[PDB]
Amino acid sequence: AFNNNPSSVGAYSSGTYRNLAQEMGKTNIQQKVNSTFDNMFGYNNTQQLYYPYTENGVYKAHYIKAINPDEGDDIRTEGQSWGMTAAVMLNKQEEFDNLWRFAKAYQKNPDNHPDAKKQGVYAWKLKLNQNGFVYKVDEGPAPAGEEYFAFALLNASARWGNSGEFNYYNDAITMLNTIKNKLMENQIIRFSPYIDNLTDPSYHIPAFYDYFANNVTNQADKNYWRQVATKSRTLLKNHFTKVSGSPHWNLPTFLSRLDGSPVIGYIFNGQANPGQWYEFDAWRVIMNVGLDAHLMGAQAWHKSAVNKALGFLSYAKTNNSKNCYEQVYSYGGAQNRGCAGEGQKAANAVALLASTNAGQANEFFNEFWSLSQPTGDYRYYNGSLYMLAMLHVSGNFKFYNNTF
């Protein structure tokens, strides 16, 4: 049965990981997790997201392909870093290394880049040109990518050691220093190096920063990352307070100021959507809250955040002619961007690790568990989230500490 009383002590401290699928009475859990990985990383052109990159017939590395029918397929740091994370959680070392090799070679901007803000950060969007060679479309970073890269590399160091192709640990420390020096403002993760007083709630994963604190050597850096963790929980708490009730109606948003205030409308040239939309980025916020609750302990704010957000989505479904909650809301109003897909449902299943409502658990978990693994033209985002969620709800998303 669903544990509606999540412990205030996290799995990272206790070593005790919940298996949410088991709590919900599901069978063949680990087999389903395994087939999810195998299908995503297999050469089937169906669920597949993991593709080899070759130059003149010579194998180089692998990437996660952000399949895109409208705008052309591209390659993204977040997809890449999530792929590495999935691989390390299931002890899939070749897949990890092939993805990391690609990132280090083709996504990393040179440390001597003329623009100091780009030095050592990871170009968020690549494509293959008309001859099949990789190039950077936008050299700017999407910092959730670097966050996951650092997280995946620290875990790889811990599981596999550092005597093979990669010194994972040294690569992780370099990544952490890049985040600190290039991708933070006042110890809050940036949306961009080029815009101040701006964050993206979905980039906040407080437990990762605690994990970083425990895996650096020097005292100043340990304290730095602990402060980032505290400030991240405060940002998310403040954001959830601000979106409570009218006018945001309990869903977190795409963009936020550093005090947690949703960004209203447009604020910069190139901006994809209005700041106050619950949209594709924002889907992940309560998933991150669930992650944090599970790994570092469930506090009153985690519970309130997820209970109210899932509560709104359940309500929204009853007022929908197609009996679904939708992909995009603004100020509590549906923006007609379609019924929720697999990635959004996946995000909401992970949020249940902070839920105290068995009725929400039954509804949201079964809607995720009944899905087939994503296929077709929109499988990049849906499929990547689906993979992460499969790890989170099966007790397979763990923190592996390094030893010193």
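When you see a residue number, it is the position in the sequence shown, counting from 1.
Higher average CA B factor: 19 to 27, of the stretches 387 to 395 and 19 to 27.
Set 329 to 337 against 86 to 94 and average the Cα temperature factors; 329 to 337 ends up higher. Comparing the C-alpha B-factors of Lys322, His239, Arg226, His204 in the entry, the top value falls on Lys322. Of the candidates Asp171, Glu146, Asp200, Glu71, the PDB record gives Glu71 the highest C-alpha temperature factor.
In this PDB entry, the Cα temperature factor of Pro110 sits in the top third of its chain's modelled residues, the highest group. The entry lists a Cα temperature factor for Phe312 that places it in the middle third of the chain's modelled residues. Ranked within its chain, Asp221 lands in the highest third, by CA B factor from the PDB record. The PDB entry assigns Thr318 a C-alpha temperature factor belonging to the highest third of its chain's modelled residues.
Among all modelled residues in its chain, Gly260 ranks in the middle third by Cα B-factor.
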